[PDB]
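Visitor: Please see the structure below; I have some questions.
Positions of Cβ are generated from backbone atoms using ideal geometry, with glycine treated the same way; all protein chains shown enter the neighbour counts. Any read-out appearing in this document is the output of simple, stated calculations on the displayed coordinates, not a laboratory observation.
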Amino acid sequence: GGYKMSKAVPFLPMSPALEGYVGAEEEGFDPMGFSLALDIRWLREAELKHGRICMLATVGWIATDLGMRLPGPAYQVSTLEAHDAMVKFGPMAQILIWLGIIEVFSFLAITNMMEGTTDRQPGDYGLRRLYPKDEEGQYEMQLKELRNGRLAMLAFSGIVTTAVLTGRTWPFXXXXX
Amino acid sequence: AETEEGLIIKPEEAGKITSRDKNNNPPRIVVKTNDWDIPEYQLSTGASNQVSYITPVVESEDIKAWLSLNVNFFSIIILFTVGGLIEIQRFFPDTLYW
Amino acid sequence: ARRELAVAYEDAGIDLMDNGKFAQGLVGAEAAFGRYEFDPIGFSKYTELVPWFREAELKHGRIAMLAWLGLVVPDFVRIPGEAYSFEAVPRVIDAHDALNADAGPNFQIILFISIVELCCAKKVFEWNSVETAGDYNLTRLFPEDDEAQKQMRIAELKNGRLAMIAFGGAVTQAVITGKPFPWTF
Amino acid sequence: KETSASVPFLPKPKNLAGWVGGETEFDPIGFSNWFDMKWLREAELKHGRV
Amino acid sequence: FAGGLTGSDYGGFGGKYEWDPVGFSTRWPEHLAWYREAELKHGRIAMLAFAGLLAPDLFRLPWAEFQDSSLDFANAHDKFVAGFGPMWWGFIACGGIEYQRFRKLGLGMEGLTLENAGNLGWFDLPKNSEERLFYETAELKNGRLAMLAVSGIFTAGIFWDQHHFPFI
Amino acid sequence: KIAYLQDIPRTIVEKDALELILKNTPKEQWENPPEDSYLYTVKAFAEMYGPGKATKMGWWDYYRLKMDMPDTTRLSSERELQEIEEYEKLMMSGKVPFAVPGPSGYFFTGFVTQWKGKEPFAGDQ
Ligand code: KC1
Ligand SMILES: CC1=C(C#C/C(C)=C/C=C/C(C)=C/C=C/C=C(C)/C=C/C=C(C)/C=C/[C@@]23O[C@]2(C)C[C@@H](O)CC3(C)C)C(C)(C)C[C@H](O)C1
Ligand SMILES: CC1=C(/C=C/C(C)=C/C=C/C(C)=C/C=C/C=C(C)/C=C/C=C(C)/C=C/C2=C(C)CCCC2(C)C)C(C)(C)CCC1
């Protein structure tokens, strides 16, 4: 009967920037009010980019720890030293160049979306594969992407911290604490 | 534009207008200050979840206009020229070819 | 009469008027034999901060109520493990010094308490009125009638005030004695 | 507001009418809007032949 | 200044002093009864405290637990309170007297005003009405002095390790 | 009397602080405080918040208001105002409170040496 109360934090009203967006109006989690201080479109873009980066990085860490390697003796290093070894090897610089060109295109997308020159949704790059045709299907698919991205972000955080703390491959089950 | 729904009211009706908003935020008092950098300071009447962005408003057009200023143009060109000279010196030191 | 934060929040903010009551008509003053409006230093005369002060009083009482129960239970049971055994940390008070910093236990408690506080901080400053001060929607056993709601509100405050004072003795008596739960010499 | 066929997340480049790649209009940076695109076509053709 | 309290007046080369250079009276006028009551009770105890430290050095009470040497003013407290001891005998006595003050002024000390403060009613020596004014100022002037005196006694005696009347 | 100085809530500014402001501010400026004068902010807010007006503020707006009002200690008291009103009177009357330079500064000697000579416009008299 009063404020549109946030579902996540029941004692804090939902921020108006969370209306009509993916995720958002199912949980409305924003107690610190970051959406009240920054554009919701930019926050959503950053969230989706972080989710995708983490979903790739978590699986990369899993594959590297479990023993999957490229057929080169230069890659016979642990996942912890993989970054430094490959930075000194060269491929990290090339990966950075390629991610740089892709991020130049992403920056153009953001600039042309925030200025309204295009009609782009925050995280949309045009890729429409396995995307439901029905609008509710699209909304719930975007929901699934967001949930998986957030889960992978937290999971990769834990994986990196535990791997550094205990020299051990991904499952960390044995360990000692 | 950014206050499409604020129920913005004038000082003369500080305690008269009560219709809150499309949200439930109470009406906000608009004070017309004479500063050009802050032409209007908005004052609240109660607790509200108002979206006030702290980010600036920049656009590609005037950022490019700033980079088109003679300082930026003649600094980028001279920086590239100096860097090219330094790179040539690294790659062909001591002008042995001469 | 416990308006839900959903609507109660519509009358929140720094009130610029005076109710005319002791502390803007807030619970905690009614004593046994009558009223015991206490404030002798006149902190409640700064009526703009009365919702804030009540929030601080409830927050302190809630921490102290757990904290006093904190110094009691380790003296009779401890978490199953060697780091918390009665031989590694004999008395309860030598726990902030033992389990802290690089150890991990206290540091994690600091972080997650920080996360909760940084999330529930907008309720302390915004959305905090003389009506919804300390109310975090967790009303399960709250009575429905107005007068009984006042008793439970009075019950929490008196218990919170008591624990605040009781915890002060608890650490002071324990530190000067190094003894189990009854901190008498 | 149409989008380019090549990069669908970017606005369709104006001044790129049908010359060759009119089906996959590809100018993210926007040199055609900054320069005389006839000169750009001449440079591209000379580069391709060379 | 501070109701009709006699802290000022008859106070030295000037007739009236009125020393309140923080405004603890004007800022909190409802507590002038409490402040006098506290100021007087502080003076009386301090005067008994100073006259205390000296007399044990000559006579000792017949309690036969206090009848022991080496109980100076730096160890008598922590020594007598036992596993109870003499210190509880004193504390219980102070409870008996302090309970009487409650009866005269009510439980919440509601009857405490700016004229009955520090007036337990023990009138044997005083006479007339102006002498009571003169004696009340003589009380405080002695009382305030001993409050600073015992303060210097306790600090100097235990810091410099004096423990006896010179306290030096 | 002046409209906005009546029934002003204590929460906006305290009574003693407001009286100190009114004393420090010259009388002619009460009706229309100039600008950048604490009284200007008092007018610009007391005409918005009060008994018949908006009785509530956001916490941040009230916080900023409390940092625009005087904090009861940055205002000259009556004796200081007398010091200024009399020092300026001495200086304009042609008399100088005699002072003597010292270690990077001057000690006031508590003497009124009549400064202007018999020819008040003469520089060497
Ligand atoms: C250095 C510390 C110090 C001591 C130790 C001290 C002591 C006493 N002062 Mg004193 N005093 C200052 C400092 C000290 N005074 C200062 C800085 C000032 C300037 C503001 C000042 C002014 C006055 C005035 C105006 C009066 C006064 C009083 C007394 C008094 C009471 C004696 C008696 O009445 O029993 C005693 C014992 C009254 C008076 O009687 O002086 C004889 C009174 O009228 N004082
Ligand atoms: C972190 C840390 C530690 C710690 C700690 C902590 C948290 C210590 C905390 C200490 C704490 C919390 C101390 C409170 C005191 C409160 C008091 C004294 C209140 C008195 C109040 C009094 C005396 C008066 C009360 C009343 O007047 C009132 C108000 C109204 C009247 O009607 C009734 C009466 C007269 C009764 C260790 C464990 C110690 C060591 C470790 O290594 C480092
Ligand atoms: C960072 C910073 C800072 C610092 C700064 C500085 C200190 C700077 C400097 C700078 C510099 C100081 C630089 C330099 C440079 C140099 C150069 C760049 C050189 C060049 C040269 C040339 C170019 C040459 C050429 C030639 C040749 C070789 C041959 C031919 C001829 C000629 C001669 C032409 C500060 C803290 C303040 C602040 C913050 C920021």
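Visitor: Where nothing but the Cβ of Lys and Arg (+1) and of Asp and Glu (-1) is charged, how large is the charge dipole of the range C:58-130 around its Cα centre, in debye to the nearest 20? Walk me through the intermediate numbers first.
Guide: Numbers: 6 positive and 8 negative charges, 93 e Å.
Taking the Cα centre of the range C:58-130 as origin, the dipole is about 440 debye.
Visitor: Also: Give, in whole angstrom and from largest to smallest, the semi-axes √(5λ) of the equivalent ellipsoid of the range A:118-177, with λ running over the eigenvalues of the Cα gyration tensor. Each step should come with its number before you reach the end.
Guide: Values: eigenvalues 268, 30, 15 Å².
Output for the range A:118-177: semi-axes of 37, 12, 9 Å.
Visitor: From Cα coordinates alone, what are the radius of gyration and Dmax values for the range A:67-177 in angstrom?
Guide: 19.4, 56
Visitor: Under 13 Å from the Cβ of E:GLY90, count the other residues' Cβ atoms, weight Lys and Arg +1, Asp and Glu -1, and hand me the total.
Guide: On the way: positive: none; negative: E:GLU65, E:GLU98.
Residues near E:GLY90 contribute -2 overall.
Visitor: On to the next question. Could you pull out the pairs from D:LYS12/D:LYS38; F:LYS23/F:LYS43; B:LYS22/D:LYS1; F:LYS23/F:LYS66 whose alpha carbons sit more than 23 Å apart here? Walk me through the numbers on the way to the answer.
Guide: Numbers: D:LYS12/D:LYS38 18 Å; F:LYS23/F:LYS43 16 Å; B:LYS22/D:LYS1 29 Å; F:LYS23/F:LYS66 20 Å.
The answer is B:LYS22/D:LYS1.
Visitor: Enumerate by residue number the trypsin sites (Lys or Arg not before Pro) in the range F:81-125 meeting two conditions: DSSP loop (anything except H, G, I, E, B), and at most 16 other Cβ atoms within 10 Å of the site's Cβ. Walk me through the numbers before you get to the answer.
Guide: Values: sites: F:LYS89, F:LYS95, F:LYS116, F:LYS118; in loops: F:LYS116, F:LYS118.
Answer by residue number: F:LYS116, F:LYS118.
Visitor: Suppose every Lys and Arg Cβ carries +1 and every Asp and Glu Cβ carries -1, with no other charges. What dipole size does chain C come out with about its Cα centre, to the nearest 20 debye?
Guide: Values: 18 positive and 26 negative charges, 89 e Å.
Dipole magnitude for chain C comes out near 420 debye.
Visitor: For the range C:21-155, taking Cα atoms only, what is the radius of gyration to one decimal and the Dmax to the nearest whole Å?
Guide: Cα radius of gyration and Dmax of the range C:21-155 are 19.2, 55 Å respectively.
Visitor: Using the Cα centre of the range C:34-185 as origin and beta-carbon charges of +1 (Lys, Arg) and -1 (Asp, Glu), tell me which of C:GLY104, C:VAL92, C:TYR136 is placed farthest towards the positive end of the dipole.
Guide: The residue sitting most towards the positive pole is C:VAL92.
Visitor: Collect residues whose amide H, placed 1.01 Å from N in the peptide plane, falls under 5 Å from the amide H of C:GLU30; neighbours closer than 5 in sequence don't count.
Guide: C:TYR36
Visitor: When F:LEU18, B:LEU7 are ordered from fewest to most other Cβ atoms inside 10 Å of their Cβ, what list results?
Guide: With the fewest neighbours first, F:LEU18, B:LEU7 line up as B:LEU7, F:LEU18.
Visitor: Averaged over all directions, how much area does the convex hull of the C-alpha atoms of chain F cover when projected, in nm²?
Guide: On the way: hull surface 48.0 nm².
One quarter of the hull surface, i.e. the mean projection, equals 12.0 nm².
Visitor: Follow-up. Give me the distance between the Cα centres of the range E:1-69 and the range A:1-39, rounded to whole Å.
Guide: Here the two parts' Cα centres lie 62 Å apart.
Visitor: Shifting gears a bit: Set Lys and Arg Cβ to +1 and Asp and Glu Cβ to -1, take the dipole of the range A:78-160 about its Cα centre, and tell me which of A:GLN142, A:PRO122, A:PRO91 lies farthest positive.
Guide: A:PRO91
Visitor: Tell me what chain C gives for mean residue ellipticity at 222 nm when only DSSP H runs of n ≥ 4 count, each as -39,500 (n - 2.57), the sum divided by the residue total, rounded to 500 deg cm²/dmol.
Guide: It lands at -13500 deg cm²/dmol.
Visitor: Okay, next question. Expressed as a whole number of Å, what is the distance separating the alpha-carbon centroids of the range D:15-46 and the range B:1-59?
Guide: Between the Cα centres of the range B:1-59 and the range D:15-46 lies a distance of 47 Å.
Visitor: Follow-up question, since we're still on this one. Determine the calculated [θ] at 222 nm for chain E from helices alone, applying -39500 (n - 2.57) to every DSSP H run no shorter than 4 residues and normalising by the residue count; nearest 500 deg cm²/dmol.
Guide: Details: 4 runs with 78 residues, N = 168.
That comes out to -16000 deg cm²/dmol.
Visitor: With a sphere of radius 13 Å drawn around the Cβ of F:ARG74, what net charge do the other residues whose Cβ falls strictly inside it have (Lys, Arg +1; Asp, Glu -1)?
Guide: For residues surrounding F:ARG74, the net value is -3.
Visitor: Take the alpha carbon atoms of chain D, find their radius of gyration, then divide it by 2.2 N^0.38 Å using N residues; give the quotient.
Guide: 1.15
Visitor: Let me ask you something else. Rounded to a whole number, what is D in µm²/s for the range F:1-70 from Stokes-Einstein with the Kirkwood radius over alpha-carbon pairs (10 °C, 1.306 mPa s)?
Guide: On the way: Rh = 12.4 Å.
Estimated via Stokes-Einstein, D reaches 128 µm²/s.
Visitor: Also: Let me know the Rg and Dmax you get for the range C:95-160 when you use only its Cα atoms, in Å.
Guide: When restricted to the Cα atoms of the range C:95-160, Rg and Dmax are 16.9, 50 Å.
Visitor: In whole angstrom, how long is each semi-axis of the equivalent ellipsoid of the range E:32-168, when you take the square root of 5 times every eigenvalue of its Cα gyration tensor and sort them from largest down?
Guide: Values: eigenvalues 190, 79, 39 Å².
The equivalent ellipsoid of the range E:32-168 has semi-axes of 31, 20, 14 Å.
Visitor: Please give the peptides C:158-165, C:34-41 ranked by average Cβ packing (other Cβ atoms within 10 Å per residue), highest first, as a rough proxy for protection. Walk me through the numbers on the way to the answer.
Guide: Working: C:158-165: 16.5, C:34-41: 11.1.
Packing proxy ranking, top to bottom: C:158-165, C:34-41.
Visitor: Also, quick follow-up: Any idea which of F:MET48, F:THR73, F:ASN32 is furthest toward the positive side of the dipole for chain F, if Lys and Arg beta-carbons carry +1 and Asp and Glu beta-carbons -1?
Guide: Final value for the positive-end residue is F:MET48.
Visitor: Also: Dipole magnitude of chain E about its Cα centre, charges +1 at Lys/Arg Cβ and -1 at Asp/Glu Cβ only, in debye to the nearest 20?
Guide: Numbers: 14 positive and 20 negative charges, 36 e Å.
Result for chain E is approximately 180 debye, rounded to the nearest 20.
Visitor: Does chain B come out rounded, prolate or oblate by the C-alpha gyration tensor, with a ≥ b ≥ c the root eigenvalues, rounded set by a/c under 1.5 and, if not, prolate when a/b is larger than b/c and oblate if not?
Guide: Verdict is prolate for chain B.
Visitor: Then there's this: How large is Rg over Rh for the range A:80-120, taking Rg from the Cα atoms and Rh as the Kirkwood inverse mean of 1/r across Cα pairs?
Guide: With Rh from the inverse mean 1/r over Cα pairs, Rg/Rh is 1.30.
Visitor: OK, next. So what's the back-of-envelope 222 nm ellipticity for chain A, counting only DSSP H runs of four-plus at -39500 (n - 2.57) apiece and dividing by all residues, rounded to 500?
Guide: Values: 4 runs with 93 residues, N = 177.
Here the helix-only value at 222 nm equals -18500 deg cm²/dmol.
Visitor: Could you list log10 I(q)/I(0) for the protein assembly as shown at q = 0.06, 0.07, 0.09, 0.10 Å⁻¹, which the Debye formula gives when each Cα is one point scatterer?
Guide: These q points yield log10 I(q)/I(0) values of -0.76, -0.97, -1.28, -1.38.
Visitor: Tell me, what is the FRET efficiency for E:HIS164 and C:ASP39 to the nearest 0.05, using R0 = 35 angstrom and their Cβ-Cβ distance as r?
Guide: On the way: r = 46 Å, r/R0 = 1.30.
Here the calculated transfer efficiency is 0.15.
Visitor: Return the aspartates and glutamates within reach of C:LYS45: Cα separation strictly under 15 angstrom, same-chain partners fewer than 8 residues apart disregarded; answer none if there are no such residues.
Guide: By straight Cα distance, C:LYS45 reaches C:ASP15, C:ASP18, C:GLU37, E:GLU30, F:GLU14, F:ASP16.
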